[PDB]
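Written below as structure tokens is the structure these notes are about.
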Amino acid sequence: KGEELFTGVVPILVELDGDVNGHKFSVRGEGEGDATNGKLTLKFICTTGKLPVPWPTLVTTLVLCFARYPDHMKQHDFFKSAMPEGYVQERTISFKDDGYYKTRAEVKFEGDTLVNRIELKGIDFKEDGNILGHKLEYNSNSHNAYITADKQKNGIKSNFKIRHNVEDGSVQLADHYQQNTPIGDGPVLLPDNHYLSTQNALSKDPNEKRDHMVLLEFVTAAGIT
């Protein structure tokens with residue numbers, strides 16, 4: 001059905017418009033995803049110049065249909081079931097002792113390309129803080145996030161903690177509250193409790209003067225015995 005669209009390598013486009021404390025910005029990303037391996041590789045550009053927040057605080061915002069579900073769990077893969085009609089992904093990301101992001105995204109096929117189109121708004125940040133002040137390291141910790149279904153919306157939900165390394169050695173916590181609901185009316189799989197296992201590698205492109213992030217990410221589903 002839908003997962004049949006992720007059998008090979010799939011090109012990806014990501015487009016974000018953001019506004020954090022009135023600091024506006026745009027990011028564009030392109031690359032590809034290999035769901036059989038659970039692998040994503042993309043290069044992101046801040047097309048409006050200087051990104052006013054640290055690149056790692058946007059990783060979770062900038063395509064969970066490329067996660068690797070083990071065959072004994074193919075019946076718990078909500079994200080692929082809704083394709084190619086896609087789903088809406090919405091989050092609140094509350095940074096501890098600081099502001100919060102609100103995101104609304106549509107992930108769906110436009111032709112052969114998987115597209116992630118996001119609107120982000122950031123509210124109540126401290127201009128001298130860890131985010132607006134660029135005090136976070138350029139790295140990304142591995143993390144697990146538990147998925148549960150929500151039948152009262154025909155989708156899934158997940159709360160999970162992200163921990164950003166601060167350059168003083170402390171840790172900045174970012175609480176994520178997520179919901180996903182399908183765009184079409186077709187049948188979608190509603191899973192049982194499980195989790196996604198994620199690793200991220202962040203790097204730079206040597207011949208790129210623009211503000212940018214090269215990202216390699218692996219996402220693998222687990223939890224169902």
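Just so we're on the same page: first chain in the structure tokens is A, next is B, and so on; residues restart at 1 for each chain, and ligands are numbered from 1 in the order they show up.
Using only C-alpha atoms, the residues found no farther than 8 Å from range 157-167 of chain A, other than those of its own chain fewer than 6 positions away, are residues 56, 57, 130, 135, 136, 137, 139, 140, 141, 143, 144, 145, 146, 147, 148, 149, 150, 173, 174, 175, 176, 177, 178, 179 and 180 of chain A.
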Could you write those residues out with N, CA and C atoms, as a compact mmCIF listing (two decimals), in the first residue's frame?
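What follows is the written file selection_37.txt:
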```txt
# COMPACT_ATOMS: atom_id res chain seq x y z
N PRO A 56 20.78 22.71 16.40
CA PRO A 56 20.25 21.48 17.00
C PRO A 56 18.85 21.64 17.55
N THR A 57 18.40 22.86 17.86
CA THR A 57 17.06 22.98 18.42
C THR A 57 15.99 22.77 17.38
N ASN A 130 19.97 30.55 26.38
CA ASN A 130 20.77 29.52 25.70
C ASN A 130 20.41 29.39 24.23
N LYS A 135 24.22 29.43 22.84
CA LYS A 135 25.10 28.82 23.84
C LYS A 135 25.06 27.28 23.84
N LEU A 136 24.54 26.67 22.78
CA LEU A 136 24.40 25.22 22.74
C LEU A 136 25.46 24.62 21.83
N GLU A 137 25.93 23.43 22.19
CA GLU A 137 26.94 22.80 21.37
C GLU A 137 26.32 22.31 20.07
N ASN A 139 25.92 19.51 18.45
CA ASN A 139 25.84 18.05 18.48
C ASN A 139 24.41 17.67 18.86
N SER A 140 24.18 16.37 19.03
CA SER A 140 22.81 15.86 19.22
C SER A 140 22.89 14.51 19.91
N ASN A 141 22.24 14.39 21.08
CA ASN A 141 22.29 13.14 21.84
C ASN A 141 21.30 12.13 21.27
N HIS A 143 18.35 9.42 21.60
CA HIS A 143 17.17 9.50 22.45
C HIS A 143 16.14 8.49 21.98
N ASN A 144 15.28 8.08 22.91
CA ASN A 144 14.12 7.24 22.63
C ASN A 144 12.85 8.00 22.99
N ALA A 145 11.83 7.89 22.13
CA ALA A 145 10.55 8.56 22.32
C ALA A 145 9.43 7.54 22.20
N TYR A 146 8.54 7.50 23.19
CA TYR A 146 7.47 6.52 23.22
C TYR A 146 6.26 7.04 22.45
N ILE A 147 5.75 6.21 21.56
CA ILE A 147 4.55 6.47 20.78
C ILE A 147 3.38 5.77 21.47
N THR A 148 2.22 6.43 21.47
CA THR A 148 0.95 5.81 21.82
C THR A 148 -0.09 6.29 20.82
N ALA A 149 -1.10 5.47 20.60
CA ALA A 149 -2.12 5.88 19.64
C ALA A 149 -3.13 6.81 20.30
N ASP A 150 -3.83 7.58 19.48
CA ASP A 150 -5.00 8.33 19.94
C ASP A 150 -6.16 8.06 18.98
N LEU A 173 16.99 21.25 28.77
CA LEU A 173 15.91 20.31 28.47
C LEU A 173 14.86 20.94 27.58
N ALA A 174 14.38 20.17 26.60
CA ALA A 174 13.36 20.63 25.66
C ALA A 174 12.25 19.59 25.63
N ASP A 175 11.13 19.90 26.29
CA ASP A 175 10.01 18.99 26.39
C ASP A 175 9.17 19.06 25.12
N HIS A 176 9.00 17.93 24.47
CA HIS A 176 8.24 17.86 23.23
C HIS A 176 6.90 17.22 23.50
N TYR A 177 5.84 17.85 22.98
CA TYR A 177 4.50 17.29 22.99
C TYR A 177 4.04 17.26 21.54
N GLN A 178 3.73 16.07 21.05
CA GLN A 178 3.52 15.88 19.63
C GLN A 178 2.18 15.22 19.37
N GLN A 179 1.57 15.58 18.24
CA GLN A 179 0.38 14.91 17.76
C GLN A 179 0.48 14.81 16.25
N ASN A 180 -0.05 13.72 15.72
CA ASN A 180 -0.10 13.48 14.29
C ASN A 180 -1.49 13.02 13.93
```
Show which residues sit within 6 Å of residue 85 in chain A, as a compact mmCIF listing (two decimals) with C-alpha atoms, in the first residue's frame. Count only C-alpha atoms, and ignore same-chain residues fewer than 6 positions away.
```txt
# COMPACT_ATOMS: atom_id res chain seq x y z
CA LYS A 108 3.21 14.24 2.19
CA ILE A 183 -4.63 14.36 5.85
CA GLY A 184 -6.66 11.89 3.80
```
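For range 27-38 of chain A, the residues within 8 Å (counting only C-alpha atoms, excluding itself and residues fewer than 3 positions away along the chain) are residues 6, 7, 8, 9, 10, 11, 12, 13, 14, 15, 16, 17, 41, 42, 43, 44, 45, 46, 47, 48, 65, 66, 67, 68, 218, 219 and 220 of chain A.
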Would you pick out the contacts of residue 188 in chain A at 12 Å or less, using only C-alpha atoms, so that residues sharing its chain but fewer than 5 positions from it are not included, and give the list as a short mmCIF file (atom, residue, chain, number, x, y, z; two decimals) with C-alpha atoms, in the first residue's frame?
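Result written to part-v7.cif:
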```cif
data_model
loop_
_atom_site.label_atom_id
_atom_site.label_comp_id
_atom_site.auth_asym_id
_atom_site.auth_seq_id
_atom_site.Cartn_x
_atom_site.Cartn_y
_atom_site.Cartn_z
CA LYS A 1 0.00 0.00 0.00
CA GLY A 2 1.69 3.15 1.39
CA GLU A 3 4.88 1.56 2.80
CA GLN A 75 1.39 -3.18 11.68
CA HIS A 76 2.38 -0.35 14.06
CA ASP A 77 3.75 2.02 11.39
CA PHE A 78 1.25 4.88 11.44
CA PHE A 79 3.43 7.31 9.46
CA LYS A 80 3.78 5.17 6.32
CA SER A 81 0.13 4.07 6.35
CA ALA A 82 -1.11 7.63 5.71
CA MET A 83 0.97 8.06 2.56
CA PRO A 84 0.93 9.42 -0.09
CA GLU A 85 -1.79 11.66 1.40
CA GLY A 86 0.51 12.44 4.33
CA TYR A 87 -0.18 13.62 7.84
CA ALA A 149 -2.12 5.88 19.64
CA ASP A 150 -5.00 8.33 19.94
CA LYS A 151 -8.19 6.81 18.56
CA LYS A 153 -8.28 11.73 16.72
CA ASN A 154 -7.40 8.83 14.32
CA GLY A 155 -3.68 9.22 15.00
CA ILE A 156 -0.78 9.05 17.43
CA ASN A 180 -0.10 13.48 14.29
CA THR A 181 -3.35 13.20 12.37
CA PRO A 182 -3.85 12.06 8.77
CA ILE A 183 -4.63 14.36 5.85
#
```
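Minimum atom-to-atom distance to residue 69 in chain A, evaluated using only C-alpha atoms, belongs to A:39 out of A:209, A:134, A:39, A:121.
Distances here use only C-alpha atoms; by that measure, the residue among A:224, A:215, A:185, A:19 closest to residue 40 in chain A is A:215.
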All helix (DSSP H, G or I) positions in range 6-193 of chain A, as a PyMOL selection string: chain A and resi 6+55-58+64-66+71-76+78-81+151-153
With C-alpha atoms retained, write the just-selected residues as a PDB file, in the first residue's frame.
```pdb
ATOM      1  CA  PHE A   6       9.457   3.591   0.864  1.00  0.00           C
ATOM      2  CA  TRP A  55      20.739  24.380  14.528  1.00  0.00           C
ATOM      3  CA  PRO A  56      20.255  21.478  17.000  1.00  0.00           C
ATOM      4  CA  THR A  57      17.062  22.979  18.419  1.00  0.00           C
ATOM      5  CA  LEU A  58      15.435  22.474  14.999  1.00  0.00           C
ATOM      6  CA  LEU A  64       9.177   9.860  10.688  1.00  0.00           C
ATOM      7  CA  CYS A  65       7.875   7.932   7.685  1.00  0.00           C
ATOM      8  CA  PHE A  66      11.553   6.999   7.054  1.00  0.00           C
ATOM      9  CA  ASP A  71       8.732  -6.703  10.058  1.00  0.00           C
ATOM     10  CA  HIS A  72       7.271  -8.038  13.281  1.00  0.00           C
ATOM     11  CA  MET A  73       6.069  -4.406  13.814  1.00  0.00           C
ATOM     12  CA  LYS A  74       4.962  -3.350  10.291  1.00  0.00           C
ATOM     13  CA  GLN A  75       1.388  -3.178  11.680  1.00  0.00           C
ATOM     14  CA  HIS A  76       2.379  -0.353  14.057  1.00  0.00           C
ATOM     15  CA  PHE A  78       1.253   4.880  11.438  1.00  0.00           C
ATOM     16  CA  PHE A  79       3.425   7.305   9.456  1.00  0.00           C
ATOM     17  CA  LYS A  80       3.782   5.171   6.320  1.00  0.00           C
ATOM     18  CA  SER A  81       0.127   4.072   6.350  1.00  0.00           C
ATOM     19  CA  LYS A 151      -8.188   6.814  18.559  1.00  0.00           C
ATOM     20  CA  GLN A 152     -10.175   9.960  19.529  1.00  0.00           C
ATOM     21  CA  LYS A 153      -8.284  11.730  16.715  1.00  0.00           C
TER      22      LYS A 153
END
```
Those of range 24-154 of chain A in DSSP strand (DSSP E), formatted as a PyMOL selection string: chain A and resi 24-34+39-46+87-95+100-110+113-123+143-150
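The shortest atom-to-atom distance to residue 132 in chain A, with only C-alpha atoms taken into account, belongs to A:99 out of A:99, A:70, A:223, A:191.
Residue nearest residue 201 in chain A within the list A:225, A:170, A:21, A:142: A:142 [criterion: smallest interatomic distance, only C-alpha atoms].
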Distance of CA of residue 103 in chain A from CA of residue 20 in chain A, expressed in Å to one decimal place: 11.4 Å
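Nearest to residue 213 in chain A of all the residues A:54, A:186, A:169, A:22 is A:54, counting only C-alpha atoms.
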Nearest residue to residue 100 in chain A from the set A:210, A:133, A:122, A:193 (distances using only C-alpha atoms): A:122
